[PDB]
Structures are given as structure tokens and as C-alpha cells.
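Chains, contacts and geometry: an overview
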Amino acid sequence: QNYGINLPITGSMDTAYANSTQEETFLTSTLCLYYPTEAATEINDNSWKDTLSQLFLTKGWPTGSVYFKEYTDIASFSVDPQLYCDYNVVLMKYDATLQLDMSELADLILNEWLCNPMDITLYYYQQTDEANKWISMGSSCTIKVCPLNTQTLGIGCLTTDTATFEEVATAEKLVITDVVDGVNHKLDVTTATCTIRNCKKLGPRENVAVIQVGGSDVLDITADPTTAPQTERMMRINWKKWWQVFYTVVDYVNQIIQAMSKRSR
Amino acid sequence: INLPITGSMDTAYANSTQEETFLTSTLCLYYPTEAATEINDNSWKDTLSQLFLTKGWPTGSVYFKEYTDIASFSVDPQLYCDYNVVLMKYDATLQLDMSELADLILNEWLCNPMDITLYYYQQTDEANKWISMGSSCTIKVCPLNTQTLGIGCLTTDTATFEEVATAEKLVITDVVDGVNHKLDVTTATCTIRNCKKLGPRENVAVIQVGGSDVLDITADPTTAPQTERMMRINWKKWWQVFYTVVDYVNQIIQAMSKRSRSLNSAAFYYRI
Amino acid sequence: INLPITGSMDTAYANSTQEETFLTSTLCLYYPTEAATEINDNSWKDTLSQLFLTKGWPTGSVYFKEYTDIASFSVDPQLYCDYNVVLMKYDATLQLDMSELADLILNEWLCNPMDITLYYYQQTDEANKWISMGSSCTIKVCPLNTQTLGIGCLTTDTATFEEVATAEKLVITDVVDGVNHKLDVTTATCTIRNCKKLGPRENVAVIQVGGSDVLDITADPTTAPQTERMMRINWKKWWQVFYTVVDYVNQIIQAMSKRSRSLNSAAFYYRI
Amino acid sequence: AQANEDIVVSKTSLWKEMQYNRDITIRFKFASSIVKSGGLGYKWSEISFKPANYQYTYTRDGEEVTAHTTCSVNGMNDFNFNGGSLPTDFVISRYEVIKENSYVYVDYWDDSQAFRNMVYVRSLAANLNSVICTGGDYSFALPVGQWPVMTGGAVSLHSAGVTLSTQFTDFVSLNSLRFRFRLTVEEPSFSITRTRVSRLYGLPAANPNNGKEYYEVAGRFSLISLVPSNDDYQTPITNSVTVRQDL
Amino acid sequence: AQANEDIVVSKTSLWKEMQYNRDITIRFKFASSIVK
Ligand SMILES: *[C@@H]1O[C@H](CO)[C@@H](O)[C@H](O)[C@H]1NC(C)=O
Ligand SMILES: *[C@@H]1O[C@H](CO)[C@@H](O)[C@H](O)[C@H]1NC(C)=O
Ligand SMILES: *[C@@H]1O[C@H](CO)[C@@H](O)[C@H](O)[C@H]1NC(C)=O
Ligand SMILES: [Ca+2]
Ligand SMILES: [Ca+2]
Ligand SMILES: [Ca+2]
Ligand SMILES: [Ca+2]
Ligand SMILES: [Ca+2]
Ligand SMILES: [Ca+2]
Ligand SMILES: [Ca+2]
Ligand SMILES: [Ca+2]
Ligand SMILES: [Ca+2]
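Residues numbered from 1 in each chain as written, not as in the entry; some residues may be left out. Chains lettered and ligands numbered in written order. Part of a larger assembly, values for the part shown. Heavy atoms only, no water.

Quick notes on the coordination of the calcium ion (ligand 9)
All names here are of chain B. Protein coordination at the calcium ion (ligand 9) comes from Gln 123 (OE1), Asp 174 (OD), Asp 174 (OD), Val 175 (O) and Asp 177 (OD), with a distance range of 2.4 to 2.8 Å. All donors to the calcium ion (ligand 9) come from one chain, and their sequence spacing reads Q-x50-D-V-x1-D. Linking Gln 123 in the loop between β4 (107–113) and β5 (128–137) with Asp 177 in the loop between β8 (168–173) and β9 (181–184), this pair joins segments that are 54 residues apart in sequence. (Donors = N, O, S within 2.8 Å, 3.2 Å for Na, K, Ca; no water. Helix = DSSP H or I, 4+ residues; strand = E, 2+ residues; numbered from the N terminus.)

Re the coordination of the calcium ion (ligand 10)
Residue and element names in this part refer to chain C. Listed as protein donors to the calcium ion (ligand 10) are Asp 97 (OD), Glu 100 (OE), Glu 168 (OE) and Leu 170 (O); their distances from the metal cover 2.4 Å. The sequence pattern formed by the donor residues of the calcium ion (ligand 10) is D-x2-E-x67-E-x1-L. One end of the pair, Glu 100, is in helix α4 (residues 95–105); the other, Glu 168, is in strand β8 (residues 168–173), with 68 residues separating them in the sequence. A relative accessible area of 5% places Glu 100 in the buried class. With relative accessibility at 5%, the residue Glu 168 sits in the buried group. (Buried < 20%, exposed > 50% of the residue type's maximum accessible area, 1.4 Å probe, protein only.)

Observations regarding the nonpolar core
Within the largest apolar cluster, 82 residues are counted, with the highest numbers of intra-cluster contacts made by B:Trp57 and B:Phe242. For this core, the element with the highest residue contribution is helix α5 (residues 239–247) of chain B, accounting for 6 residues. Excluding residues within four positions of it along the chain, B:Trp57 makes contact with B:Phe22, B:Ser25, B:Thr26, B:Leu27, B:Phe52, B:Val62, B:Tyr83, B:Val249 and B:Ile253. Counting 55 residues, the second-largest nonpolar core is a separate cluster that includes D:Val73, D:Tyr108, D:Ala114 and D:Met118. (Core = buried A, V, L, I, M, F, W, Y, C linked by side-chain atoms within 4.5 Å. Contact = heavy atoms within 4.5 Å.)

Brief notes about the packing of helix α2 (residues 44–55) of chain B against α5(B)
If you want to describe how two helices pack, look at the angle between their axes and the distance between the axes. All names here are of chain B. The contact between α2 and α5 brings their axes to 10 Å, and the two run at 25°. Comparing the axis directions of α2 and α5 gives the class roughly parallel. Taken as a pair, α2 and α5 cross one another with a handedness that is right-handed. When α2 is examined against α5, the residues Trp 44, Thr 47, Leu 48, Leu 51, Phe 52 and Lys 55 are found in contact with a partner set consisting of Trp 239, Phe 242, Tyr 243, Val 246 and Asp 247. Grouping the constituent residues of the contact of α2 with α5 by class yields 8 nonpolar, 1 polar and 2 charged. (Axes fitted to C-alpha atoms, helices over the stretch in contact; angles between N-to-C directions. Parallel < 35°, antiparallel > 145°, perpendicular 65-115°, else oblique. Left-handed = near helix turned anticlockwise from the far one by under 90°. Nonpolar A, V, L, I, M, F, W, Y, C, P; charged D, E, K, R; others polar.)

Overview of the UniProt feature "disulfide bond" in chain B
Residues and elements named next belong to chain B. Of the disulfides listed in UniProt, the one linking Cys 28 with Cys 81 is reproduced by the coordinates, which place the two sulfurs 2.0 Å apart. With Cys 28 in strand β1 (residues 27–32) and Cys 81 in the loop between α3 (70–74) and β3 (84–88), the pair connects residues that are 53 residues apart, well separated along the chain. We note that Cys 28, like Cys 81, is buried. Sulfur atoms of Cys 111 and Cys 195, annotated by UniProt as disulfide partners, sit 2.0 Å apart, under the 2.5 Å cut-off for a formed bond. Residue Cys 111 is located in strand β4, and its partner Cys 195 is located in strand β10 (residues 190–200); the two are separated by 84 residues in the primary sequence. For the pair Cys 111 and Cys 195, a shared accessibility class is recorded, and that class is buried. (Disulfide = S-S within 2.5 Å. UniProt positions renumbered as here; feature names shortened; annotations may be inferred.)

Re a nonpolar patch on the surface
All names here are of chain E. Together, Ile 24, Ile 26, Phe 28 and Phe 30 give the surface a local cluster of nonpolar side chains, amounting to about 590 Å² of exposed area. Inspection of the secondary structure puts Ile 26 in the segment after β2 (16–21). The class for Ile 26 is exposed, based on a relative accessible area of 66%. (Patch = residues over 30% accessible without salt bridge, like charges linked within 9 Å, V, L, I, M, F, W, Y side chains within 5 Å. Areas by Shrake-Rupley, 256 points an atom, 1.4 Å probe, with all protein chains shown as cover. Salt bridge = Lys/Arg side-chain N within 4 Å of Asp/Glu carboxyl O.)

Concerning the packing of aromatic side chains
Residue and element names in this part refer to chain D. Scanning the entire structure with this criterion turns up 55 aromatic pairs over all chains. Here the aromatic rings of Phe 115 and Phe 221 are separated by 5.5 Å at their centres, their planes lie at 45°, and the arrangement is tilted. Of this pair, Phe 115 sits in the loop between β10 (103–110) and β11 (121–128) while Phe 221 sits in strand β18 (residues 215–228); the two residues are 106 residues apart in sequence, bridging distant segments of the chain. By relative accessible area, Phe 115 is classed as buried at 4%. (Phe/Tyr/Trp six-rings, centres within 6.5 Å; stacked < 30°, edge-to-face > 60°.)

Considerations on the arrangement of the chains
Of all 4 pairs of chains in contact, the one with the most contacts involves chains B and C. Considering only C-alpha positions, the minimal separation of the non-contacting chain A and chain C is 13 Å. At the level of C-alpha atoms, the two units chain A and chain E stay apart, their nearest approach being 20 Å.

Digging into α2(B)
Relative to the 16 Å expected for 12 residues at 1.5 Å per residue, α2(B) spans 17 Å between its end C-alpha atoms, a close match to the ideal helical length. The complete set of buried residues in α2(B) reads B:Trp44, B:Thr47, B:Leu48, B:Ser49, B:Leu51, B:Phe52 and B:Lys55. Along its buried surface, α2(B) packs onto β1, α1 (33–39), β2 (62–67), α5 and α6 (249–255) of chain B together with β6 (140–143) of chain C. (Expected span 1.5 Å × (residues − 1).)

Observations concerning the pattern of salt bridges
Should the charged atoms of two oppositely charged side chains come close, the side chains can pair. All names here are of chain B. Tallying each qualifying case throughout the model produces 29 salt bridges over all chains. With its nearest N and O atoms 2.8 Å apart, the salt bridge here joins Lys 89 to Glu 34. Taken together, the positions of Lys 89 in the loop between β3 and α4 (95–105) and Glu 34 in helix α1 put the pair 55 residues apart, joining distant regions of the chain. The exposure class assigned to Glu 34 is partly exposed, which follows from its relative accessible area of 32%.

In C-alpha cells, the structure reads:
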């Protein structure tokens, strides 16, 4: 029962394959879908949640285990996502004008960040490793940054004249900023409307699952432009309706939750 | 981890982890607007940062977070730092409020939601309480007998219920464990949650700036404890308070210990 | 004495030094004006002496010393006796003042003078403090940087200084140890001294006549101790207070112990 | 640390980097130039500022310190008032006023050790307190008629950046410390009485001192200069000027 | 070798001998004094 400590666990290879945890993890766990308003709009029904839950029942998920949580748009959901369940699925629409928005959303929810606060007015920050980034949320974020030199002076910018600063964000609801590691940056941010946090990316969050309903795979989670991965919980679909999408999610929920693993934290 | 740990008594006392935890950690004060007012300066934060710098805490590790009222802070307190200090004024008329705040931030809670209309809930153990947050909560409860009828109340008449809160921003409700209660809450302004009290949060340190010790963290009327990250100052100004916190921050952090459970910004975990 | 002492656990317990330490020692009470006012008698001192005579203290060994108020006593106290008892009225509007009085008399201080005009001072360790006495002490401080200029304050514009005291008779001030502070004091009306806190003064005994225990001698917020010679009473008259003291004077002086440091009539030693 | 410290942060054989941290009492003074056009006496040519020297001697903590200060103004605004083209109307071709867009320079020098051989300075910084400069009453002495009086004007000087400068004079030349001041317009306004002008902020350039001997402001300065290790070296101070022989 | 170089031909504890070789554009102007 030792917490906070990491110890070596032993094993063997002659032990037998224990029974299936499926059909019991369903009963003792909860699932939560995050669907857009477009879907309920197309549906135009007030009993579709009860219908989907009665269907889930056949796959073993009981009545009071499945939940639906609506969001109007990708950015409105990007603003402080609270994914608090034992299993989370997120349906996500594809739009070329929102590729970066729905890559940042993925980068934020699929991964488990350790976020410390930030005080722009006083301190000038820097990123130490390739996992330290600045995530800003809110209704309209507008971020500008000036690198600084060894003697606390600017580089192509003036510490006083905010206009000289370099604009990385322009009225975005969620921004994940990675700047050059090793140089102290002075920031200007619309702190009245947005909160910015220095966040270190830890290991991933295996509790969520993004499902891109439309176009091809675009999500460049990794800031480094070399990996361009595609995890197991990054799914894709082709759609001309939404009832088909929901029936598919239901009929293949078992593979989804086999691709998802409950958190460590 | 479930495995055991082993050790010895011949092994040597390693060096002081102070002067490195200061570099690799963050400190965050929670001060009242009264202090900013009495100070009437627009650089005291930088002042305290430059002061802490001599104690070892670097520049970008110290943070200050204004909270206007104890109750406004009690409304979903968001602590996301590695070492949190809270400066808490003393008011007899707010004794239970600033005790519930302590009971909530000092200890670690695991919370499920509550659906009052559809279901009827009970408490199982002496740590399963009902914590309600919001801007104005007015809670009433009817205990129920074995056969789902009322006891001193009626299942329909919300006036027969027993009031336990009257426009309280944060309430921690402990009712009899073993019986089912039907609740009535101002759900439009407040959210109530069935929470279990886990082991303590060693990341936070309360500092009662004023009067005598009043905080009874534990709901049972037998312990009346006083933990280590729960201090008391006597005050007439605020700069003296801050200079004191600074000069004695090392004792504070020696009285505190980084968490074990997980990374979280809220004062309570959510598990549905 | 650098030398050691030796002993044994087989030797015998000597007779009671009580009933002789009384004879060869003096006792002194410090009562407020309020007591004599509520009493309205002119022979209560001789009465209490005749009562003490039963407890063993002879006639010319007890003494009483009036003090109009806690602060008027805090202004350069002078305890020159062999066993001092102080009766202290509780008031939340005077908590820090009657804690500073405690911190001053219960403890034993080694004080040097301070020249603010010609010098800028700093506290070395967690036992160095600045104690200031007089009729109205207004103390402001500007911390300084490596190049002897201001940090969140202007080294000349005294309005930009940071106010730690406002018209106080006795102030005990602790600032961030390791930085130089420029001071502003009402030197016309108050003297300030840089004082180090040595071992405690076992000659005096504070008795809080009213409210719960609040005195925090230690300026650090973590300890908040309660010594043996810091007593509390609940009261509705003063004759009962004095009869209780006279009836339980043996316990008080068993909780007290004669001094070892030196012979001195002030509340602080002077070493220039 | 003393209020008048002197420390050594580096010392080679002949030279040494000496740090100085000292309190000062800047007592300065404006000075106005009044040029009156010819004719009858109803037209004034210029009412402007002139850089003004003022040497004094004040008391330090048991020491007497002689000083030398020099006040100047930069970026002043040039107003004017012309009420008629005839020789009998009161006109002022150009008079100077001070507002936000202007700055007030004050060169300062002492007989102390800090300014004995100061030619190089780094780590310069100072804590100065703000003061209020109020103008006085200048009576335009017209030949005949009424006597308009330019009366009023208040403006608050606030601390600003610090630099070096050189105070040149017909007697001494001083490698001096230049304190800047910015201006925030105050409530007392200046108005020419018996005239159609009033309620305009700034300070007038006719009688800025307001019959005062000086404007006092206390400060502290902290620098690091290059001084020869031997404390006997001297840099030329006095002058004997013969400039502008053509003039 | 650049056009606007900056070299250090020696260096002592505090001082240093530096060499500077730089291009310049002298944009000068006369001024006349008339007296009638
Ligand atoms: C595991 O599966 C086998 C085959 O279905 C079954 O016989 C066995 O009882 C299961 N184990 C347990 C503990 O029920
Ligand atoms: C441990 O502390 C001792 C005593 O200060 C010191 O000599 C030694 O270098 C330290 N070792 C480490 C690894 O910090
Ligand atoms: C101590 O007390 C005992 C018991 O009264 C007595 O007999 C003895 O004489 C006393 N000691 C002295 C030194 O008188
Ligand atoms: Ca975005
Ligand atoms: Ca730029
Ligand atoms: Ca980076
Ligand atoms: Ca409450
Ligand atoms: Ca009832
Ligand atoms: Ca209970
Ligand atoms: Ca006091
Ligand atoms: Ca200040
Ligand atoms: Ca101290």
C-alpha cells in the first residue's frame, strides 16, 4: 500500500491467462460521450439518449453508467475541458479552418499535463525541455512574446513597446505555445479574458478517445515535426448522418474501451 | 504501489533537500483583499519575490492569488501549485465557514455527483459527507424510515423538511449514517456532491491571522485536533505578517509535504 | 561555568526549600487600576499581606505595583523583585500588544542601541529582533538591494516606506533576515533597540484573567507554545482573583524559578 | 551599511573599481531670460529659460559638503499672445511653458570622494522623491496704462532616469551626475491678469522660483567608478574660458 | 576581415586595448554669419 514510491514488481511466464475483465469493468465503471450540438440538431428527438442507453444495456453498460455531455463547438469545448469519468469518448468534426484548434484540443485531452501558474507582469519565463509548453484558455486569447538576451534586453522587440512584440495568437480560445528553449521570454496576454499556465507534458491520458467524424488524419499532437504519430485512441470515421455514427460507436464500444485504459493518477 | 519497502538504521542521513526543493518547486500565497488595501502599494508582490530570493525560492516560483472573501474562496477553491499557503482572518460570525474551508482544503476528498430528484442518498461511514458549493445554498433534508415514508417530515411538503443551511456559499453536511434522506437544494445556484474524506492534503498550510484556535477539522465532537500545517498569528498590520511568513517559510515547508495521490487543481477528486 | 557537574540517582531527596525561599525572597504583584477601582478599599494591600502570612511569606516580603494599562506598563517595564506575578486583562483589540508584553517579560533579551541616521541594520538569525518602546512609535522600513537602493520603496520618500506599526507604545519587529533595511522611527518619542532573545526569564508569571489562551511568544507561526508560567483564569470579580492567587501561590512559585543570568532591574540587558 | 558607504569591488595595481552609495540634497533653481522689444515698451521679444548654476554648502552626518547644481529644461512649448498690430497693445512674441512633453534636467556635483576623479560610471541608479514647482508673479512694466501680471502655474516634478553630464562654467568644469524629471500638470493654473487668457496648465518662464532661494529635493545615488588606487590623484576642475571671441 | 570589425589587441584586469576599423559617411555642412 506504499504510495508515492516506485518499486520493482516481479512476474513469470508460466502463469495462466486470467478471466475476462470485460462485462465487469462495464458494470463497475462509467462511460461519457461528448457529442456536438449538430448531432442533436440533425436528430430532432428528445428520447435518443434513453434509446442509446437502452441499446448500451445489451452490450452490458447499465442505465446509470452512460452519460452524454453536449458542447456547441470545438473551441467552446476547448475552453477548460472537464473530462471527469471512468471512460471518455469525444466525437470531433473536421474543418480545415479548425485543424490547429482540434489538434490542440487532442494534445490537451489525450495527454496528462502538470500545470503550474504564471504571473506575466512580474516574471519572464523560459521553456527548459521539449515537454514544457504554455497552455492558455479562455474566450479570446491574444498572446505576444519577446525573446530576451543575456543582459535582459530584447531581440527584435522592445521590452516597453508592446506593439514590437511578435504575435503568436490572435483571438484563440485555446492556444498551446512552444517557444525556443533557453531564452527568457517576456509576454503580453489578455489576462482579463484568458488564463495561461506553464504545463509540462507527462505520459498520456489513456482515459479519453477522440473520434474524428470526417476528413483524413490530420492531428499533429507532437509539437516536434518529426513523429507525426497516430495513437490507438485516435479514431476516424466517414459520415453522412449521425445516427449511423452513434450506432457504430455503440456496436464497437468494446474495442473502443479495449483501446482505452483507466488512468494511473 | 502495493509492494512493501525495506530499509535499515545504519544508512546515513543524506544532505538537506531544502535549497533544491525551493528551486524545483512552486510556492503560492492566498491573501485577502484587506491586505492589499492596508498596503496600498502596487509593487509588494515583486518586493516579496525579491525577498524570498534571499531565502532561496527563485523569481518565477513565488505566486500570489487574491481572494476577496473567505466564502468567495470557499466557492470551488482551485489550488494548483506545489506548496500553498493561506492567510485566513478570524471572525466569530464566520467560524464554521472558515472551519469548513480548512476541513475542505487541508483534507483530500473523493466526490461523486448527486441527483436529488431521481434518487435518495445516505451516508455509510463517518467520512462520507455531503459538500455543497455555490453562491447561495439553502439546504433542507427529510430523514426516511424503513418503508420509504417520512420521519418528522412529508415527502411532498418542502416546508416540513429540516433546514441545515441558510444561503451558505460552502456547506459540509454530516447526517445520520444508515438512513436515507430526501434533499431540497437551490440547484440553480448550488451543486451538492457526496464525498468521502481520504487522507490529508499535505500541500496546503492554513494560517489564522487573528484570534484563538477555533478550527475543528474533524466533524466528530471528540478530537478537536490541531495539525502541523495550521498556524496562528496575532496581528495589527499585514507587512509584519508577510515578513514573518517569509522569515519562517522554511519551517512552514518543513511542516508541509508534497502530495502522493495525483496531480489535481481542484480541492476534491471527481470519480462520477 | 564551563566545568561539568556530576551526581547520582542513589542520593536522597532533601526537605522542602519552600517555607525558606519565601522568607529569603520577595514577591511582587502587577495589578491593573481596574482592580483597585472595583474594590474601593484602601487597606487591601495590608489585607493580602496578612493573608500571605499564613502561606509563609512574611510581612515585608510582598509588594503590589499598579499599572494603569497594558501599554503604559509595556512602556519600559521594570521588574525588580525575586518573584513577579502579572495579572493581564484580555481584549481582542489588544491581543498582539499583550503578546508582545509577554514576549518581552517572560523572555530575557540582550539589547544593543540603534542609530538609524548613520547606519542601516539587519537581523542575523531567528532570535534577533527590533524592540521599540515609547509613547507613540510609528515604524516604517524599506528593504534594500545589493547596491543600497530601494525594493518597492524609495530610500527618501518616507511615504513609500512599508508601515509595520501605527502609534504603538511597544513594538516587537521581525523582518526578513539577510537584507538591510532603512528605518523611519518617531525617535523623538520612541527608542528602538536591536535585541537578541536569550534563554527565558523564569522569575515572572503572566496570568491572563479573561479569554482563552492566545499568547504566541514565538514570532514563528509554527510553534505557538504554552509555557508553564503562562496561566489563565475565568473571572467576574477581582477579590476572587486575588484570593485564588493567594490560595494557589505555592503552585505558581513552583512553576517559577529564580534567575541565573545576572542581577538586573530592567526587562532587557544593555551591552552597547 | 552606512548611508554614505564607499566599497571596493575590484582593485588592480594602479586602478580600482570603487562603489559609492550616498545621500544628496539637490537644491537647484530656475533662471529666466526676458528680452523686451524696442519702440514704446508694449511688445516683448522672448520670455525663455536659461540654464542656471547654483552652488551651496550643506551638512552631512557630521561633515560639511560643498556642492554645485545646474538646472536646465528641454522640450518646452512656445506659446505667444498678440492682441493687435499697433504700438500700444500688449504683445508677447514668444514665451515658454512646461508640460508633460517637456523634461527638467538637473546636473549635480559635490566635493565628496565620489566626484573627485569620476570619468567612468556603471551600475547607475537613484531613488529620488517628487516635488512641486510653482510659478510666481511677473508684472509686465508697461510704459503707460494698466500693468498685466503673469501669476500662477504649478507642476509636479517626478523622478526619472539618471545619466552623466558635464557642467561647464566660467570658473569650474565638473564631471557631474544628471538627474532627469518628468512633469505632471497640477491644479494651480497661470493666467495673465487683465487679459483674455486664463485656465491653461503649465509653468511660466518669467518667475518660476516664486521668490524662493531654491527648490529642494533629497535623493540617494549608487554607482561604481574607476578611481586610481592611490588616493592622491586629482582631475582638473577649474577653468579659464575665452570662448566666443567672435561674439 | 569585415568592414566594421572590433578586435581586442590586449586585455588587462580592468582596461583593454581594442582596435576599430569602420566605414563612415561624413554628411557635413557650413554656416555663414552675416552682419549688416
Ligand atoms: C474463467 O473462464 C473459464 C471458462 O469460461 C471458467 O470455467 C472459469 O470458471 C472462469 N473463472 C472464474 C474464476 O470464474
Ligand atoms: C553532504 O553534507 C556534507 C556536510 O555539509 C557535505 O560535506 C557533503 O558534500 C554533502 N554531500 C552531498 C552529496 O550533498
Ligand atoms: C526533613 O523532614 C523530616 C520529616 O519531617 C525530618 O525528620 C527531618 O529532620 C527534615 N530534615 C532536616 C534536615 O531537618
Ligand atoms: Ca486553438
Ligand atoms: Ca518585432
Ligand atoms: Ca519548447
Ligand atoms: Ca459554511
Ligand atoms: Ca419537520
Ligand atoms: Ca455522517
Ligand atoms: Ca504593540
Ligand atoms: Ca512601498
Ligand atoms: Ca528575524
